[PDB]
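S.K.: Respectively, the protein sequence lines represent chains M, A, E, O, D, P and H.
Here the first sequence stands for residues 14 to 171, 180 to 291, 296 to 527, 531 to 637, where the numbers follow the entry's author numbering.
Here the second sequence stands for residues 14 to 171, 180 to 291, 296 to 527, 531 to 637, where the numbers follow the entry's author numbering.
Here the third sequence stands for residues 14 to 173, 180 to 291, 295 to 525, 531 to 637, where the numbers follow the entry's author numbering.
Its first residue numbered 5, the fourth sequence is counted upward by one per residue in the entry's author numbering.
Its first residue numbered 71, the fifth sequence is counted upward by one per residue in the entry's author numbering.
Its first residue numbered 71, the sixth sequence is counted upward by one per residue in the entry's author numbering.
Its first residue numbered 71, the seventh sequence is counted upward by one per residue in the entry's author numbering.
Take a look at this one; I'll ask things after.
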Amino acid sequence: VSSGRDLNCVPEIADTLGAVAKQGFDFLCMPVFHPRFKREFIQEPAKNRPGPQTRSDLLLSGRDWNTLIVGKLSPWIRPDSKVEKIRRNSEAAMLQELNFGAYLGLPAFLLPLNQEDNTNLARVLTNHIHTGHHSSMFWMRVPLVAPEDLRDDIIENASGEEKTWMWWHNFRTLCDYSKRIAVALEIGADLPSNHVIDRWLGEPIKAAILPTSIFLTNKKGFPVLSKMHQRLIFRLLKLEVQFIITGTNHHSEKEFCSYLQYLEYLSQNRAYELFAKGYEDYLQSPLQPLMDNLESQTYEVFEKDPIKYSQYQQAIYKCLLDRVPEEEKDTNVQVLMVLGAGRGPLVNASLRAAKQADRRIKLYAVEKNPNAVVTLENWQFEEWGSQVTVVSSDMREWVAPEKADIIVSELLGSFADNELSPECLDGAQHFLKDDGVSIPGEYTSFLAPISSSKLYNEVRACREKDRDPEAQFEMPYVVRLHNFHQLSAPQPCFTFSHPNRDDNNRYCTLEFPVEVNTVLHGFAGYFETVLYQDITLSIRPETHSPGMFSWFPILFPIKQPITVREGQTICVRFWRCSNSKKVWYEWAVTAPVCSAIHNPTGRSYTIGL
Amino acid sequence: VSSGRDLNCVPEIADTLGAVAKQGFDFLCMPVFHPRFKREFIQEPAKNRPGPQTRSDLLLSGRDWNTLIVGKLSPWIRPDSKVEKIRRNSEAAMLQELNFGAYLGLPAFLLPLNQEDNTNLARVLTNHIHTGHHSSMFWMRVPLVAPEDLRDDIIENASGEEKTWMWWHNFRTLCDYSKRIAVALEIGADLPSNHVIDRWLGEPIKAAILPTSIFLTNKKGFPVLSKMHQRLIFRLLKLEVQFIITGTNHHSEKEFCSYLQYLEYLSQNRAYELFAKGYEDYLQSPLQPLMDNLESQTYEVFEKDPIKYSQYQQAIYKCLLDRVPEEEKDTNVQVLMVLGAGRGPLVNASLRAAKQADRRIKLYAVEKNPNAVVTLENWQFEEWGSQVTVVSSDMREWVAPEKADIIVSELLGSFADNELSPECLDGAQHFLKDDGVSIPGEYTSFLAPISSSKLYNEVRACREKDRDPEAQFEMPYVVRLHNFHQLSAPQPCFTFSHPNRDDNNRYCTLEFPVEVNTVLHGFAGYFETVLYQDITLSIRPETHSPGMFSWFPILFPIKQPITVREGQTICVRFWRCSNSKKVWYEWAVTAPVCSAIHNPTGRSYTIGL
Amino acid sequence: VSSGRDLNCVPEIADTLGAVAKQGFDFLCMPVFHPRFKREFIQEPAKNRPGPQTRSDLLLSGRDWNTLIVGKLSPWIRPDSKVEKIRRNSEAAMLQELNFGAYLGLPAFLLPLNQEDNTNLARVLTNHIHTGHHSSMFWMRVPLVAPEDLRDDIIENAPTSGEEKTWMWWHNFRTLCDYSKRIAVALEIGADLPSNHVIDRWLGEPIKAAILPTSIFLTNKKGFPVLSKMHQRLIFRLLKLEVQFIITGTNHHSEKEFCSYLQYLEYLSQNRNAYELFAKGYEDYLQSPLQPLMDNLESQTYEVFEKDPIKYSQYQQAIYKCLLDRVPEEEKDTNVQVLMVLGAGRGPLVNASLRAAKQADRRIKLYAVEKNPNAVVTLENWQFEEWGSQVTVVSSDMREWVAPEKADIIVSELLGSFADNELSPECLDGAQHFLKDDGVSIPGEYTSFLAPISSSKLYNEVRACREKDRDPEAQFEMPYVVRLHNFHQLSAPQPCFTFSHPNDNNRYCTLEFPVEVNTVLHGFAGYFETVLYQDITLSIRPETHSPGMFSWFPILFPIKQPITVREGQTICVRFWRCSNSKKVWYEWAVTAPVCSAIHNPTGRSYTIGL
Amino acid sequence: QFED
Amino acid sequence: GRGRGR
Amino acid sequence: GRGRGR
Amino acid sequence: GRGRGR
Ligand SMILES: Nc1ncnc2c1ncn2[C@@H]1O[C@H](CO)[C@@H](O)[C@H]1O
Ligand SMILES: Nc1ncnc2c1ncn2[C@@H]1O[C@H](CO)[C@@H](O)[C@H]1O
Ligand SMILES: Nc1ncnc2c1ncn2[C@@H]1O[C@H](CO)[C@@H](O)[C@H]1O
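Below is the structure:
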């Protein structure tokens, strides 16, 4: 855990950094100007106030300023005041403080969102961002609960929980979803419901702000947190936010190291996650193994998965037990064709499956990649021998010497058919015996609507020259989605079964009942596949095969985000389209508000046949 | 009136086109395939039906096909059928018919919008538009009233007015607001309210469909129309749509020339409109006289407005009468300073005013344009003489030899301050006497929210290379908006008064109560100006100075349209921003949903000081 | 030094890689297919040859392939053969070998440029680069001396552009391939070296490796590999570029092991200033010229200014000399010299003025004008804590400031890499009305210098500076502050623009550069010299460079299309310093030997904001 | 210390 | 160009 | 690249 | 940034 101390009083700054680093904090949120030093910018004599306006640069080194200090905007700066003089002084002072922080090169700046209307603050911030070159992040300091909702019931004659999120949403929408504007969330004593926290966790939260007043004390007098607070801390610790501790020491008998020590205690109290580490919210282009040739280092991460090939070997083992009785155990030889044999792993899985099933197989390893044919043929010379026949041909062009009993393939993508498993297996179906088996015999794709401001900003950041400016929103992305909110349960899109003894063009309509209020940002695509009868591989988040990491989910973005209310069903439509030369997907949201069909004619993304 | 005949039965095509032309119709809407000749594309034996599928190309000349025939889709083609075989056959047949119409080079093609779900139709159309090169227009045939609401109440045991507009809106949103997809509106017997007709009038209506069944019968027997229908025909004739007559001749005693002759009769019974003709929905860029030197033709366009210069002359007349009493007539010389003298129509207005007021003036004609100074100095040498002193300087940097009693300028734009009248008159008020007058005395800008889908497509079509791909939405456009819908009444944005004796930066928040469900597309800006006491020039659509075409409205687009419903209030913020170098505008919609702030730091549009 | 071993015989890949890394090499250049295993691709029966075509990719780890192996094209592959059958087979086999190297993820691939016509080689490589995704670099193996010019004179009836031949080969190859980032040079150094200007043209090229046969090594009195002094000088020049040295051939000194050829190169690497230490990490790295007038600099930007002590030593010495000159020793204690430091920064030039007046024992009343409101904070904390009433800190622009009195000396620090690209003339123009009529400006004068350069790497860096949402070729119309390192300078610098203070700042210069080599012009490098006071100068011109003074890198003005120049052909360039009330910019155009367009018309791609 |  | 526009 | 992505 | 460059 990495954490900081928010101080509003820094009498001398080097002493304060010393006293803050001794007690374990990693940065310090401090005001660059004096919080009570109101400046005047328009009227004399106070406009011409002499002397320095703030502290010198030279009190800390450049590395100290760039790494250790998070600036704060002064509390009197009120750019959305109803008084025009206060409003203009606050615009000028906000610009002065932001420019001084840019000059100091602070890594972050902390600005407050403590009311509904922050339009002028948004304009001054978005004009600072587009002026000059600077690299500060802007952590907008927004609470979980509005300050007028957690006040005591003391006054005798005087959107409830979705309120401050709408403050933040309006702010980040006025600033046009800037990459440099994020959230510093204040966690008070009164936590909101669970679905409010999910929207909050789908946002750009770089910091969490924990007052020392929300800490409750134990029998020994230390600061601890309630179980609901601890659960919120664990969810935030999954996002790797930093924790800012504000307020005074409410447990005076101890010292201020105790709050931080409790946070580290919860930090230590907190294979797919290890593999996916470093790839979270990192967009990738989906593989196209039919139109491109894969590097050996691409095949290595395939063969790094033991669960998928163990499941394939189990499916082949059960199929070989079914197709050959114990009486015909030796005089019956089953023809297997591994289609797209890769560098070996399905051929080895088939050999092991026939070895543990105690059945005889004649195996063909078909592979179009000549560079993988090199390693397949070295395997064949060195290990496999005459049992395996290595074919350097496309399965759709190959002329088989004899028909097959089982054809086994691994041509499934993250959305189960974006790597042309239907077309390839339909081409390879003619050398299958009339009672032959295809492994996998079944696969379905699943879609769920998601919200993620970070994923949307990465998709925008994928905008490239020499290209349509919104082609990036018409491409699926293989992404280990991490900082997102899923709006509804997944629901099956497309189903393909092999062999097909009957058109791979598909049209699906999916209605997702959204029981909460959200802002739809895209769709996540998963898949399930039945290899043989009860052997399945799934990346669906409720049926996910444990320990399997060969497939990250697919993201289908949408060009503009769609604001969704509670009780509003999201109706989306997906097409699997094709021609003689290429296959693509088209999608469109039709309810609650329509969007354009994304990727028409495959103009931004096709899969090459 | 350009009008067409919609036939669904064409036995011979040349004879029918001849008869249609004899009746007086300009085009003919006809089915390219036989409407009853349903075709199979998937199942044998009917997939292999021999012979020609339709008529020959050679039955009409090429120019006949490209100028005379509007194609129709066959009525059995339902791409959004719930039966998969029907909808796949209908996708294939719709593709076949659209490709045959593209091959025939038809100018237009009618497709029906007669049900709520038209997503697969939209996808097949969007894929046709993006496949191949072809330039036919697609007229989506949508009714004013849905057919389930026009049915008689004769069944014993068995959103109202805004249904089919939402059909059209969903369709055009799925197809991404294409320039090639427009509306053919069916006007039935029962006619909707006035505000339904206003959204419809804001749409790309290229044709209007008048069934012969909606025509009333007079005492002589000829077809006529109701008063509400006549009003709708007049509002559509303002848009220059083509009227399509459908159905059979219900007035069998008369010919079918009578339905056309009534429309010709209404056509022959329907200065600013003559000037603005040919400029409707044509986006210029606002002039910048301070940063760019104008042309002779620009000034000539200015000086063809007699109303504005008559108004300036009346203002100077009244000011000269006020500032000099009759007894001090021959001894008091009033220093007038014409700032930005142009080629000299304001100087002539001042001289004619001083003659009409019968007062003695010493006039200065300041002009920074070195090429209009040539015209001014030839005027001075020939006509004006020593009364007028021509200064070739900026009014801001010019050092006067005396103070001015009156300063007169024409520095106003379509938004009253986008040509930097405040900054120019600010630097030109130090050579004004302490009781000096400025004409114009003050000026206000007014904003109204508008919907116009054609204007949104025009702004999209302004996407220029080698710049931000969405920087065309952050520029005001001088536009004679014609095909639009004004959502609410104009409200004042910014007011500047001269002389300023007390910052030209401004901030306005305008809340527009909308009483109708609409889709906000931009903000139209007008201005009013008080030259002298009761002398005003206005381009506001209610207080417009009659026949005064100096200024078109200004248009501030928004990047994505904002859907609005009844009872909501559109809240928008407008900022006038400046620095030492530049002046610009920033805008953002804050209610009902937020938009981004448009033009931050003047990144897409500044006015040069 | 990083060094590799070129082997054309790898009987076992793991054993050979172990033995190569045992004796100190960092990579191994080896054939991925057997060099003699000629494959057939068109004609039967040899087209249908069975078995694996090459050895497996499972013999080394993936990281071993990605870091330790440089692949070689097979010697029989001649894609430019005059026989069509050999040409087609060699195209197919080139593609197969390149695709297998991409499959292996090799970091580099060696291809030979051993003949004049390599157009089909260039086409097959250009098509490989534009196909699929792969990251391998392509090292064109080109000799320093052509193979037909190294042969012995032992043919009785065939006795033996001579030196500029293989560079012409490489130039044609990389011009056909459109100056790819992924295509570089592996230079073969032979026994007989060419002239020194031939070696300069090569040193301005993307050389990523140097190939040293063991046959170019001489022998000691103790019997060890060594190289001649002309070879050692070539090695020392190549060590500046940080190339990798590839040892080819067999052990020609068989008494000692093959480690000795490597040990000599390690010896020479261990036997080859502060500017070079400061400039590391910044060589051939384009960055934008600073614009302090219209951009407020950060504090870390000022920190690297104050990190140069030589510039401020020189300013203090100039103020010292001026103070002695303007005040006689008899009038020492009663004359107050009003100094004005214009653009005072965060302090260092005011500190130089104070130290100068202390060592001159003179009395000064100093004004520190600065428009940066965030550096005024530093200046005013300086004044409160140290300076006191001697220094008056002004938060204004020198051009609009109203001084309470006139100055004796104005001192400014507004010089860029090209001496006027930061509007020092325009700023000091508006700061002359508060200078006394005998008043002195420091710097007194400054001149900019230009020299024509050649650099393929700089040209590719400028192309890589293309941005979206702007003119696709505007990157060639901006100057770049660059520690230009991998470049060839075609002629001596000549003075471009001179400004002198106190004094139209629009300028027009024509410079004719005599060329004595046969190169391709890529841009002009600009330097400056400034006279602060009498004999106190600051210069970044590479002949008169102030020692250890790293405040300024050279400026670079590119040209959109390279201009091929031959010997005895002067290059005539013309520079304009243009301006209006709002902006100042530069325009340039080469007019001889071949005209180019005027670069940056109206400042459409680059202006300096007033 | 860390006990709830 | 008409209406104060180019 | 991991998870079937480049 | 060094050598008067950003
Ligand atoms: N049509 C095909 N014929 C043979 N191998 C294929 C085909 N399509 C994909 N593959 C291979 O299938 C494996 C998994 O996608 C990869 O090795 C890929 O090269
Ligand atoms: N600062 C200025 N000084 C003089 N004429 C001006 C100035 N700004 C605009 N104009 C002139 O005003 C007229 C209308 O804007 C034009 O003739 C234009 O050239
Ligand atoms: N016109 C100006 N007036 C005052 N300081 C300036 C001016 N132009 C540049 N400077 C300052 O000069 C220094 C250039 O190194 C910077 O501190 C910069 O802020």
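No residue lacks a Cβ here, since even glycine has one placed at the ideal position from N, Cα and C.
With the cut-off set at 9 Å, would you say A:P628 and M:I26 are in Cβ contact?
M.R.: No, the Cβ-Cβ distance between A:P628 and M:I26 is not below 9 Å.
S.K.: Return the first residue and the last residue of the alpha helix (DSSP H) that E:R385 is part of.
M.R.: Segment 385-391 is the beta strand (DSSP E) holding E:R385; no alpha helix (DSSP H) there.
S.K.: Tell me whether the region 220-240 of chain A and the region 610-628 of chain A touch, counting them as touching only if at least three CB pairs, one residue from each stretch, are closer than 8 Å.
M.R.: Taking 8 Å as the limit for Cβ pairs, the verdict is that the region 610-628 of chain A does not touch the region 220-240 of chain A.
S.K.: Taking the Cβ atom as the reference point for each residue, do A:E499 and A:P585 lie within a distance shorter than 9 Å?
M.R.: Yes, the Cβ-Cβ distance between A:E499 and A:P585 is below 9 Å.
S.K.: Would you mind telling me which residues of chain H sit closer than 8 Å to E:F406, beta carbon to beta carbon, in chain order?
M.R.: The premise fails here: E:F406 is roughly 30 Å from chain H at the closest Cβ pair, so nothing lies under 8 Å.
S.K.: Find the residues of chain A that neighbour M:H143, judging by a C-beta separation of less than 8 Å, and give them in chain order.
M.R.: Neighbours of M:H143 on chain A, chain order: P628, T629, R631.
S.K.: Please report the Cβ distance between E:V349 and E:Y389, rounded to the nearest whole angstrom; I am assuming they are in contact, meaning their Cβ atoms lie under 8 Å.
M.R.: The pair is not a contact, with the Cβ atoms about 18 Å apart (cut-off 8 Å).
S.K.: Touch check for the region 531-545 of chain M and the region 557-571 of chain M: three-plus C-beta pairs under 8 Å?
M.R.: Cβ pair count under 8 Å is below three, so no.
S.K.: Here's the rule: buried if 16 or more other CB atoms are within 10 angstroms of the residue's CB, otherwise exposed. What is E:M249?
M.R.: Looking at its Cβ environment, which holds fewer than 16 other Cβ atoms inside 10 Å, E:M249 is exposed.
S.K.: Which full runs of the alpha helix (DSSP H) of 4+ residues lie inside the region 40-114 of chain E, going along the chain?
M.R.: Entirely contained in the region 40-114 of chain E, the alpha helix (DSSP H) runs reaching 4 residues are, in chain order, 75-81.
S.K.: On the premise that E:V14 lies in contact with E:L41, defined as a C-beta separation below 8 Å, what is that separation, rounded to the nearest angstrom?
M.R.: The pair is not a contact, with the Cβ atoms about 16 Å apart (cut-off 8 Å).
S.K.: Give me the DSSP bridge partner(s) of M:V204.
M.R.: The partner list for M:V204 (beta bridge, DSSP) reads M:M153, M:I226.
S.K.: Comparing the C-beta of residue 293 of chain M with each C-beta of chain E, is any distance below 9 Å?
M.R.: The structure shown gives no position for residue 293 of chain M: in chain M, residue numbering passes from 291 to 296 with nothing in between.
S.K.: Along the chain, where does the alpha helix (DSSP H) containing A:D28 start, and where does it finish?
M.R.: From DSSP, the alpha helix (DSSP H) with A:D28 extends over 26-36.
S.K.: E:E110 and E:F46 look like a contact to me (Cβ under 8 Å); what is the Cβ gap, rounded to whole Å?
M.R.: So it is a contact: roughly 6 Å between Cβ atoms.
S.K.: Confirm the yes/no value for this check: CB of E:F555, any heavy atom of ligand 3, distance under 8 Å.
M.R.: False, no ligand heavy atom lies under 8 Å from that Cβ.
S.K.: Between the region 566-579 of chain E and the region 442-462 of chain E, are three or more C-beta pairs nearer than 8 Å?
M.R.: Segments in contact, no.
S.K.: Which class does M:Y307 belong to by DSSP, given the choice of helix, strand or coil?
M.R.: Correct three-state label for M:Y307: coil.
S.K.: Which partner residues does A:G17 have in the DSSP bridge list?
M.R.: According to DSSP, A:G17 bridges with A:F40, A:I265.
S.K.: Using 8 Å for Cβ pairs, my map puts E:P515 next to E:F577. What's the rounded Cβ distance?
M.R.: Incorrect: roughly 19 Å between the Cβ atoms, too far for contact.
S.K.: Short of 7 Å in beta carbon distance, which residues of its chain neighbour E:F192, apart from the five on each side in sequence? Order them along the chain.
M.R.: Correct list, in chain order: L126, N131, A135, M153.
S.K.: Specify, as a first and last residue, the run of the beta strand (DSSP E) that M:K333 falls within.
M.R.: From DSSP, M:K333 is part of no beta strand (DSSP E) but of the alpha helix (DSSP H) over 331-348.
S.K.: Determine the chain H residues that contact E:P311 at a beta-carbon separation under 9 Å, and present them in chain order.
M.R.: Near E:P311 (Cβ distances below 9 Å), the residues of chain H are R74, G75, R76.
S.K.: Which bits of chain E does M:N318 rub up against, with CB to CB less than 9 Å?
M.R.: By Cβ distance, chain E contributes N112, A115, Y116, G145.
S.K.: Please report the distance separating the alpha-carbon of residue 179 of chain E from that of E:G452.
M.R.: The structure shown gives no position for residue 179 of chain E: in chain E, residue numbering passes from 173 to 180 with nothing in between.
S.K.: If you follow the alpha helix (DSSP H) that A:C449 is in, where does it begin and where does it stop?
M.R.: Where A:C449 is concerned, the enclosing alpha helix (DSSP H) stretches over 446-451.
S.K.: Can the beta-carbon of M:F255 be found less than 9 Å from the beta-carbon of M:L287?
M.R.: Yes. Within cutoff.
S.K.: Within the 9 Å Cβ cut-off, does E:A397 reach chain M?
M.R.: Output row for E:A397: interface = yes.
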